[PDB]
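Visitor: This is the content of data.cif (mmCIF, C-alpha atoms):
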```
data_query
#
loop_
_atom_site.group_PDB
_atom_site.id
_atom_site.type_symbol
_atom_site.label_atom_id
_atom_site.label_comp_id
_atom_site.auth_asym_id
_atom_site.auth_seq_id
_atom_site.Cartn_x
_atom_site.Cartn_y
_atom_site.Cartn_z
ATOM 1 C CA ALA P 1 -54.777 -125.139 71.580
ATOM 2 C CA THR P 2 -51.869 -123.176 70.172
ATOM 3 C CA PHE P 3 -49.724 -120.839 72.281
ATOM 4 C CA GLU P 4 -47.175 -118.616 70.584
ATOM 5 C CA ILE P 5 -44.502 -117.612 73.090
ATOM 6 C CA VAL P 6 -42.577 -114.518 71.995
ATOM 7 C CA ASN P 7 -39.476 -113.045 73.614
ATOM 8 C CA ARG P 8 -39.489 -109.289 73.013
ATOM 9 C CA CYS P 9 -36.924 -108.738 75.785
ATOM 10 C CA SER P 10 -33.453 -107.564 74.832
ATOM 11 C CA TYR P 11 -32.022 -110.524 76.775
ATOM 12 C CA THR P 12 -32.361 -114.275 76.263
ATOM 13 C CA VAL P 13 -34.985 -116.091 78.303
ATOM 14 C CA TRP P 14 -35.684 -119.777 78.688
ATOM 15 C CA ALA P 15 -39.429 -120.205 78.375
ATOM 16 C CA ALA P 16 -41.112 -122.977 80.343
ATOM 17 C CA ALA P 17 -44.526 -124.626 80.133
ATOM 18 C CA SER P 18 -45.855 -127.161 82.622
ATOM 19 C CA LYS P 19 -49.028 -128.311 84.339
ATOM 20 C CA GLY P 20 -47.204 -129.163 87.566
ATOM 21 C CA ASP P 21 -46.879 -132.912 87.108
ATOM 22 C CA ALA P 22 -45.869 -132.955 83.421
ATOM 23 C CA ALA P 23 -44.418 -130.774 80.707
ATOM 24 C CA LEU P 24 -46.650 -129.037 78.209
ATOM 25 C CA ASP P 25 -45.251 -129.670 74.714
ATOM 26 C CA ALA P 26 -41.439 -129.841 75.031
ATOM 27 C CA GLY P 27 -41.637 -128.092 78.432
ATOM 28 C CA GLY P 28 -38.953 -125.489 77.783
ATOM 29 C CA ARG P 29 -36.743 -123.854 75.202
ATOM 30 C CA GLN P 30 -34.246 -121.040 74.837
ATOM 31 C CA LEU P 31 -35.659 -117.888 73.220
ATOM 32 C CA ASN P 32 -33.159 -115.321 72.046
ATOM 33 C CA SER P 33 -34.364 -111.743 71.721
ATOM 34 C CA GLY P 34 -37.095 -111.679 69.102
ATOM 35 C CA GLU P 35 -37.620 -115.441 68.821
ATOM 36 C CA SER P 36 -41.031 -117.105 68.863
ATOM 37 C CA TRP P 37 -41.844 -120.642 69.996
ATOM 38 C CA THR P 38 -45.176 -122.228 69.109
ATOM 39 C CA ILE P 39 -46.482 -124.964 71.396
ATOM 40 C CA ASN P 40 -49.577 -127.125 71.313
ATOM 41 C CA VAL P 41 -51.473 -127.625 74.571
ATOM 42 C CA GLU P 42 -53.975 -130.461 74.796
ATOM 43 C CA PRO P 43 -57.624 -129.389 75.140
ATOM 44 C CA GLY P 44 -58.922 -129.807 78.663
ATOM 45 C CA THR P 45 -55.590 -128.899 80.271
ATOM 46 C CA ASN P 46 -56.291 -127.630 83.773
ATOM 47 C CA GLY P 47 -53.777 -125.603 85.736
ATOM 48 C CA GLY P 48 -51.212 -124.943 83.025
ATOM 49 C CA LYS P 49 -48.573 -122.273 83.510
ATOM 50 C CA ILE P 50 -46.049 -120.545 81.251
ATOM 51 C CA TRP P 51 -43.145 -118.523 82.601
ATOM 52 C CA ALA P 52 -39.730 -117.217 81.677
ATOM 53 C CA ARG P 53 -36.455 -118.177 83.287
ATOM 54 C CA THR P 54 -33.434 -115.889 83.328
ATOM 55 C CA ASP P 55 -29.673 -116.420 83.484
ATOM 56 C CA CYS P 56 -29.663 -120.144 82.755
ATOM 57 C CA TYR P 57 -26.795 -122.487 81.989
ATOM 58 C CA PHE P 58 -27.488 -125.923 80.524
ATOM 59 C CA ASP P 59 -25.157 -128.685 79.370
ATOM 60 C CA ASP P 60 -25.739 -131.012 76.408
ATOM 61 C CA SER P 61 -28.108 -133.232 78.407
ATOM 62 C CA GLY P 62 -30.395 -130.270 79.138
ATOM 63 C CA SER P 63 -29.387 -130.079 82.801
ATOM 64 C CA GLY P 64 -28.241 -126.972 84.597
ATOM 65 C CA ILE P 65 -29.442 -124.006 86.633
ATOM 66 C CA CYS P 66 -31.356 -120.744 86.169
ATOM 67 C CA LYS P 67 -31.397 -117.730 88.499
ATOM 68 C CA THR P 68 -35.177 -117.295 88.287
ATOM 69 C CA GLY P 69 -37.808 -119.916 87.605
ATOM 70 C CA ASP P 70 -35.536 -122.963 87.723
ATOM 71 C CA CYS P 71 -37.589 -126.161 87.448
ATOM 72 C CA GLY P 72 -35.368 -128.741 89.135
ATOM 73 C CA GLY P 73 -32.385 -127.964 86.920
ATOM 74 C CA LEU P 74 -34.004 -129.071 83.652
ATOM 75 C CA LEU P 75 -34.238 -127.233 80.351
ATOM 76 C CA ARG P 76 -37.506 -129.071 79.612
ATOM 77 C CA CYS P 77 -39.610 -128.392 82.681
ATOM 78 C CA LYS P 78 -41.869 -131.095 84.057
ATOM 79 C CA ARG P 79 -42.659 -129.233 87.303
ATOM 80 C CA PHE P 80 -43.255 -125.613 88.229
ATOM 81 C CA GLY P 81 -40.400 -123.187 88.672
ATOM 82 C CA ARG P 82 -38.759 -121.625 91.674
ATOM 83 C CA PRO P 83 -39.940 -118.084 92.500
ATOM 84 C CA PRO P 84 -39.703 -115.326 91.543
ATOM 85 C CA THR P 85 -41.727 -116.023 88.391
ATOM 86 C CA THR P 86 -44.358 -113.916 86.682
ATOM 87 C CA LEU P 87 -46.975 -116.521 85.743
ATOM 88 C CA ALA P 88 -49.311 -116.899 82.786
ATOM 89 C CA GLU P 89 -51.969 -119.307 84.049
ATOM 90 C CA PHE P 90 -54.680 -121.104 82.138
ATOM 91 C CA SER P 91 -57.323 -123.795 82.310
ATOM 92 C CA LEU P 92 -58.776 -124.804 78.942
ATOM 93 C CA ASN P 93 -62.162 -126.264 77.954
ATOM 94 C CA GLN P 94 -63.715 -126.069 81.409
ATOM 95 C CA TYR P 95 -67.442 -126.499 80.735
ATOM 96 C CA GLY P 96 -67.088 -124.734 77.403
ATOM 97 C CA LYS P 97 -64.848 -121.849 78.502
ATOM 98 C CA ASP P 98 -61.142 -121.087 78.802
ATOM 99 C CA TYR P 99 -59.841 -119.173 81.837
ATOM 100 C CA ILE P 100 -56.634 -117.113 81.699
ATOM 101 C CA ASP P 101 -54.843 -114.855 84.138
ATOM 102 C CA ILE P 102 -51.496 -113.395 85.074
ATOM 103 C CA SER P 103 -50.330 -113.907 88.641
ATOM 104 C CA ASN P 104 -47.697 -112.286 90.852
ATOM 105 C CA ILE P 105 -48.493 -114.675 93.728
ATOM 106 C CA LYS P 106 -45.104 -116.322 93.145
ATOM 107 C CA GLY P 107 -43.339 -113.015 92.534
ATOM 108 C CA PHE P 108 -42.217 -111.278 89.367
ATOM 109 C CA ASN P 109 -39.191 -111.691 87.180
ATOM 110 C CA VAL P 110 -40.078 -110.678 83.588
ATOM 111 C CA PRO P 111 -42.890 -108.404 82.320
ATOM 112 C CA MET P 112 -45.567 -110.254 80.398
ATOM 113 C CA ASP P 113 -48.599 -109.878 78.152
ATOM 114 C CA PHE P 114 -51.011 -112.820 77.824
ATOM 115 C CA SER P 115 -53.545 -112.300 75.043
ATOM 116 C CA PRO P 116 -55.829 -114.421 72.881
ATOM 117 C CA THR P 117 -55.028 -114.586 69.187
ATOM 118 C CA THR P 118 -58.634 -115.594 68.423
ATOM 119 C CA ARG P 119 -61.830 -113.641 69.002
ATOM 120 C CA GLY P 120 -64.062 -113.254 72.026
ATOM 121 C CA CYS P 121 -62.066 -111.898 75.004
ATOM 122 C CA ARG P 122 -59.424 -109.458 76.204
ATOM 123 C CA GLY P 123 -55.824 -110.047 77.181
ATOM 124 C CA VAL P 124 -54.047 -109.164 80.405
ATOM 125 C CA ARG P 125 -50.691 -107.536 81.014
ATOM 126 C CA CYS P 126 -48.230 -106.882 83.817
ATOM 127 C CA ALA P 127 -45.480 -104.724 82.316
ATOM 128 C CA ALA P 128 -44.468 -102.325 85.095
ATOM 129 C CA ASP P 129 -40.904 -102.112 86.420
ATOM 130 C CA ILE P 130 -41.606 -104.288 89.435
ATOM 131 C CA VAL P 131 -37.972 -105.356 89.767
ATOM 132 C CA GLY P 132 -36.712 -101.774 89.797
ATOM 133 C CA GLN P 133 -39.292 -100.683 92.385
ATOM 134 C CA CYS P 134 -39.200 -103.897 94.465
ATOM 135 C CA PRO P 135 -39.205 -103.346 98.253
ATOM 136 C CA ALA P 136 -35.795 -104.087 99.723
ATOM 137 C CA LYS P 137 -36.948 -107.094 101.732
ATOM 138 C CA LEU P 138 -38.467 -108.772 98.645
ATOM 139 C CA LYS P 139 -35.540 -108.276 96.264
ATOM 140 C CA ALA P 140 -34.066 -111.575 95.086
ATOM 141 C CA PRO P 141 -30.267 -111.595 94.649
ATOM 142 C CA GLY P 142 -30.378 -113.592 91.409
ATOM 143 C CA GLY P 143 -32.859 -111.064 90.061
ATOM 144 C CA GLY P 144 -36.582 -110.540 90.366
ATOM 145 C CA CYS P 145 -38.936 -109.523 93.128
ATOM 146 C CA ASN P 146 -40.148 -112.267 95.463
ATOM 147 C CA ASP P 147 -43.634 -112.508 96.879
ATOM 148 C CA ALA P 148 -43.957 -112.189 100.642
ATOM 149 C CA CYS P 149 -45.028 -115.801 101.183
ATOM 150 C CA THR P 150 -41.828 -117.084 99.595
ATOM 151 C CA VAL P 151 -39.747 -114.722 101.729
ATOM 152 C CA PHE P 152 -41.439 -114.840 105.145
ATOM 153 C CA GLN P 153 -43.426 -118.116 105.211
ATOM 154 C CA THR P 154 -46.276 -116.843 107.408
ATOM 155 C CA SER P 155 -49.877 -117.971 107.449
ATOM 156 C CA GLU P 156 -50.971 -114.446 106.532
ATOM 157 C CA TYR P 157 -48.799 -114.059 103.428
ATOM 158 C CA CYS P 158 -49.312 -117.645 102.282
ATOM 159 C CA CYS P 159 -53.044 -117.649 103.121
ATOM 160 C CA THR P 160 -52.535 -121.047 104.764
ATOM 161 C CA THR P 161 -55.810 -120.949 106.721
ATOM 162 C CA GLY P 162 -57.847 -119.840 103.714
ATOM 163 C CA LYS P 163 -58.359 -116.527 105.499
ATOM 164 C CA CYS P 164 -55.922 -113.704 104.842
ATOM 165 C CA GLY P 165 -56.102 -110.098 103.766
ATOM 166 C CA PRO P 166 -54.062 -107.873 101.497
ATOM 167 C CA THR P 167 -50.743 -106.774 102.938
ATOM 168 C CA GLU P 168 -48.227 -103.999 102.422
ATOM 169 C CA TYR P 169 -46.338 -106.364 100.127
ATOM 170 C CA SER P 170 -49.334 -107.562 98.091
ATOM 171 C CA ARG P 171 -50.464 -103.953 97.653
ATOM 172 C CA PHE P 172 -47.105 -103.124 96.076
ATOM 173 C CA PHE P 173 -47.620 -105.701 93.325
ATOM 174 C CA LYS P 174 -51.272 -104.674 92.947
ATOM 175 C CA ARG P 175 -50.441 -100.978 92.605
ATOM 176 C CA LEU P 176 -48.001 -101.618 89.749
ATOM 177 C CA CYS P 177 -50.028 -104.417 88.092
ATOM 178 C CA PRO P 178 -53.747 -104.181 88.895
ATOM 179 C CA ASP P 179 -54.692 -106.887 86.383
ATOM 180 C CA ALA P 180 -52.553 -109.597 88.022
ATOM 181 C CA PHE P 181 -53.270 -111.604 91.163
ATOM 182 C CA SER P 182 -51.296 -110.121 94.055
ATOM 183 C CA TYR P 183 -52.213 -112.599 96.810
ATOM 184 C CA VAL P 184 -54.188 -115.825 97.094
ATOM 185 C CA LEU P 185 -57.546 -114.212 97.937
ATOM 186 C CA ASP P 186 -57.219 -111.193 95.654
ATOM 187 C CA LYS P 187 -60.391 -110.275 93.824
ATOM 188 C CA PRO P 188 -60.020 -112.398 90.673
ATOM 189 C CA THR P 189 -58.633 -110.860 87.504
ATOM 190 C CA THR P 190 -59.289 -114.028 85.521
ATOM 191 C CA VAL P 191 -60.544 -113.506 81.971
ATOM 192 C CA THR P 192 -63.147 -115.845 80.492
ATOM 193 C CA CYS P 193 -62.516 -116.756 76.849
ATOM 194 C CA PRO P 194 -64.426 -119.037 74.470
ATOM 195 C CA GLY P 195 -63.371 -122.647 74.830
ATOM 196 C CA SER P 196 -60.583 -123.700 72.447
ATOM 197 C CA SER P 197 -59.138 -120.204 72.023
ATOM 198 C CA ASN P 198 -55.507 -119.732 70.977
ATOM 199 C CA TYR P 199 -53.066 -117.427 72.707
ATOM 200 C CA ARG P 200 -49.840 -115.468 72.604
ATOM 201 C CA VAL P 201 -47.574 -114.906 75.601
ATOM 202 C CA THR P 202 -45.162 -112.011 75.038
ATOM 203 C CA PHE P 203 -42.255 -111.378 77.385
ATOM 204 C CA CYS P 204 -41.289 -107.694 77.648
ATOM 205 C CA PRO P 205 -44.302 -106.491 75.629
ATOM 206 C CA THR P 206 -43.411 -102.786 75.928
#
```
Go through the file and emit its structure as structure tokens.
Guide:
Amino acid sequence: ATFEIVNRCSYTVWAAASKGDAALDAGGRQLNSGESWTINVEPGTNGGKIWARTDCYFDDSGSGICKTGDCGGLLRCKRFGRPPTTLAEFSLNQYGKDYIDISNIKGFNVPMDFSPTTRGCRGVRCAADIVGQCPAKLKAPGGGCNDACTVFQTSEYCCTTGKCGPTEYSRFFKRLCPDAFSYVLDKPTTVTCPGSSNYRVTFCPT
């Protein structure tokens, strides 16, 4: 499957793509404002994620640090990134269907649209000013708005027991972005697409 990753933000981002235990395609790349990066994701990929990283510095070897979404200091991510990260999530070719969603379960750093470029389903978007409106206790110094599990590490926020409800913090994310997951047991906003669809992820779509 083909994913076109487009940076419409006025600032540079370092896109990342991983399935948790391996990179997808090159795993990461700098995107200046307006740039597009096309990656190929193997059919059958389960649990892939794409995210943006902000305020990164990398040396020649591709090692460094980012203020949001850092994946162990690497430009080419092999593992998932440190919150806060708005997440585009996907599982492809699962019994004939693709499943896509946007998630704020690991916080929010950059607004995002995640849409198919082929026919048969709708896209999803979280483009509100979550960082500007972020509750004081969730604000991350490097930038972004953390989720409550990252900040407080309780069974309720992290849904450790498999039973948890919405919270004051999850409801904040849900009010600004209804079509994104706001906590682990949120009513799913996953979109079902035909298997082998292609997609575009746009940072700062508005």
Visitor: Near residue 168 of chain P, within 12 Å and counting all atoms listed in the file, which residues show up once chain neighbours fewer than 5 positions away are dropped, as a PDB file with C-alpha atoms, keeping the file's coordinate frame?
Guide:
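Generated output (out18.pdb):
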```pdb
ATOM      1  CA  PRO P 135     -39.205-103.346  98.253  1.00  0.00           C
ATOM      2  CA  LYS P 137     -36.948-107.094 101.732  1.00  0.00           C
ATOM      3  CA  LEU P 138     -38.467-108.772  98.645  1.00  0.00           C
ATOM      4  CA  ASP P 147     -43.634-112.508  96.879  1.00  0.00           C
ATOM      5  CA  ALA P 148     -43.957-112.189 100.642  1.00  0.00           C
ATOM      6  CA  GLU P 156     -50.971-114.446 106.532  1.00  0.00           C
ATOM      7  CA  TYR P 157     -48.799-114.059 103.428  1.00  0.00           C
ATOM      8  CA  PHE P 173     -47.620-105.701  93.325  1.00  0.00           C
ATOM      9  CA  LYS P 174     -51.272-104.674  92.947  1.00  0.00           C
ATOM     10  CA  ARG P 175     -50.441-100.978  92.605  1.00  0.00           C
ATOM     11  CA  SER P 182     -51.296-110.121  94.055  1.00  0.00           C
ATOM     12  CA  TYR P 183     -52.213-112.599  96.810  1.00  0.00           C
TER      13      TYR P 183
END
```
Visitor: Taking all atoms listed in the file into account, name the residue in P:113, P:92, P:85, P:165 that is nearest to residue 150 of chain P.
Guide: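 For residue 150 of chain P, the nearest of the candidates is P:85.
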Visitor: So, counting only C-alpha atoms, which residue among P:202, P:93, P:18, P:118 is closest to residue 80 of chain P?
Guide: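 Among P:202, P:93, P:18, P:118, it is P:18 that comes nearest to residue 80 of chain P.
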Visitor: Name the closest residue to residue 99 of chain P among the candidates P:15, P:140, P:191, P:177; distances are taken between atoms, counting only C-alpha atoms.
Guide: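 Nearest candidate to residue 99 of chain P out of P:15, P:140, P:191, P:177: P:191.
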Visitor: Between P:164, P:110, P:151, P:100, single out the one closest to residue 128 of chain P, counting only C-alpha atoms.
Guide: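 Among P:164, P:110, P:151, P:100, it is P:110 that comes nearest to residue 128 of chain P.
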Visitor: Ranking P:169, P:114, P:108, P:95 by minimum distance to residue 50 of chain P and counting only C-alpha atoms, which one comes first?
Guide: P:114
Visitor: Convert the output of the PyMOL selection byres ((chain P and resi 102) around 9) on the shown file into explicit residues, formatted as a PyMOL selection string.
Guide: chain P and resi 86-90+100-101+103-104+112-114+124-126+179-181+189-190
Visitor: Quick check on the file I pasted: which residues fall under the PyMOL selection byres ((chain P and resi 97) around 6)? Write them as an MDAnalysis selection string.
Guide: chainID P and resid 93:96 98 193:195
Visitor: Can I get the selection written as a CSV table (one decimal), keeping the file's coordinate frame, with C-alpha atoms?
Guide:
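Generated output (again.csv):
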```
chain,number,residue,atom,x,y,z
P,93,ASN,CA,-62.2,-126.3,78.0
P,94,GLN,CA,-63.7,-126.1,81.4
P,95,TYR,CA,-67.4,-126.5,80.7
P,96,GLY,CA,-67.1,-124.7,77.4
P,98,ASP,CA,-61.1,-121.1,78.8
P,193,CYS,CA,-62.5,-116.8,76.8
P,194,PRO,CA,-64.4,-119.0,74.5
P,195,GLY,CA,-63.4,-122.6,74.8
```
Visitor: What box, with edges along x, y and z, holds each listed atom of segment 151-160 of chain P when 4 Å is added on every side, and can you state its centre and edge lengths in Å to one decimal, as JSON?
Guide:
```
{"center_x": -46.4, "center_y": -117.6, "center_z": 104.6, "size_x": 21.3, "size_y": 15.0, "size_z": 13.7}
```
Visitor: Select segment 58-72 of chain P in the preceding structure and write N, CA and C atoms to a file as a PDB file, in the first residue's frame.
Guide:
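Output file part_22.pdb follows:
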```pdb
ATOM      1  N   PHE P  58      19.473  16.152  14.451  1.00  0.00           N
ATOM      2  CA  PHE P  58      20.115  14.899  14.097  1.00  0.00           C
ATOM      3  C   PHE P  58      21.490  15.197  13.522  1.00  0.00           C
ATOM      4  N   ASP P  59      22.447  14.323  13.815  1.00  0.00           N
ATOM      5  CA  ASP P  59      23.790  14.442  13.270  1.00  0.00           C
ATOM      6  C   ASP P  59      23.846  13.728  11.919  1.00  0.00           C
ATOM      7  N   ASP P  60      25.056  13.511  11.398  1.00  0.00           N
ATOM      8  CA  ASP P  60      25.188  12.810  10.123  1.00  0.00           C
ATOM      9  C   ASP P  60      24.718  11.365  10.219  1.00  0.00           C
ATOM     10  N   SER P  61      24.971  10.703  11.350  1.00  0.00           N
ATOM     11  CA  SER P  61      24.597   9.298  11.484  1.00  0.00           C
ATOM     12  C   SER P  61      23.098   9.089  11.669  1.00  0.00           C
ATOM     13  N   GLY P  62      22.299  10.153  11.691  1.00  0.00           N
ATOM     14  CA  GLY P  62      20.876  10.006  11.918  1.00  0.00           C
ATOM     15  C   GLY P  62      20.500   9.830  13.367  1.00  0.00           C
ATOM     16  N   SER P  63      21.353  10.263  14.286  1.00  0.00           N
ATOM     17  CA  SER P  63      21.094  10.156  15.712  1.00  0.00           C
ATOM     18  C   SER P  63      20.912  11.544  16.302  1.00  0.00           C
ATOM     19  N   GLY P  64      19.993  11.655  17.250  1.00  0.00           N
ATOM     20  CA  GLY P  64      19.753  12.934  17.874  1.00  0.00           C
ATOM     21  C   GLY P  64      18.618  12.918  18.870  1.00  0.00           C
ATOM     22  N   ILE P  65      17.777  13.951  18.829  1.00  0.00           N
ATOM     23  CA  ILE P  65      16.701  14.100  19.799  1.00  0.00           C
ATOM     24  C   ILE P  65      15.611  14.944  19.155  1.00  0.00           C
ATOM     25  N   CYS P  66      14.358  14.651  19.505  1.00  0.00           N
ATOM     26  CA  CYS P  66      13.205  15.473  19.155  1.00  0.00           C
ATOM     27  C   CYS P  66      12.431  15.793  20.426  1.00  0.00           C
ATOM     28  N   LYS P  67      11.729  16.931  20.424  1.00  0.00           N
ATOM     29  CA  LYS P  67      10.965  17.350  21.600  1.00  0.00           C
ATOM     30  C   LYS P  67       9.622  16.652  21.725  1.00  0.00           C
ATOM     31  N   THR P  68       9.017  16.227  20.620  1.00  0.00           N
ATOM     32  CA  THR P  68       7.851  15.360  20.671  1.00  0.00           C
ATOM     33  C   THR P  68       8.091  14.173  19.750  1.00  0.00           C
ATOM     34  N   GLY P  69       7.599  13.010  20.170  1.00  0.00           N
ATOM     35  CA  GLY P  69       7.628  11.835  19.333  1.00  0.00           C
ATOM     36  C   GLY P  69       8.965  11.171  19.122  1.00  0.00           C
ATOM     37  N   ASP P  70       9.982  11.504  19.913  1.00  0.00           N
ATOM     38  CA  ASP P  70      11.295  10.909  19.722  1.00  0.00           C
ATOM     39  C   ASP P  70      11.200   9.392  19.830  1.00  0.00           C
ATOM     40  N   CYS P  71      11.845   8.700  18.898  1.00  0.00           N
ATOM     41  CA  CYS P  71      11.834   7.235  18.865  1.00  0.00           C
ATOM     42  C   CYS P  71      13.246   6.720  19.165  1.00  0.00           C
ATOM     43  N   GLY P  72      13.657   6.833  20.423  1.00  0.00           N
ATOM     44  CA  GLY P  72      14.982   6.365  20.807  1.00  0.00           C
ATOM     45  C   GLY P  72      16.125   7.112  20.158  1.00  0.00           C
TER      46      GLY P  72
END
```
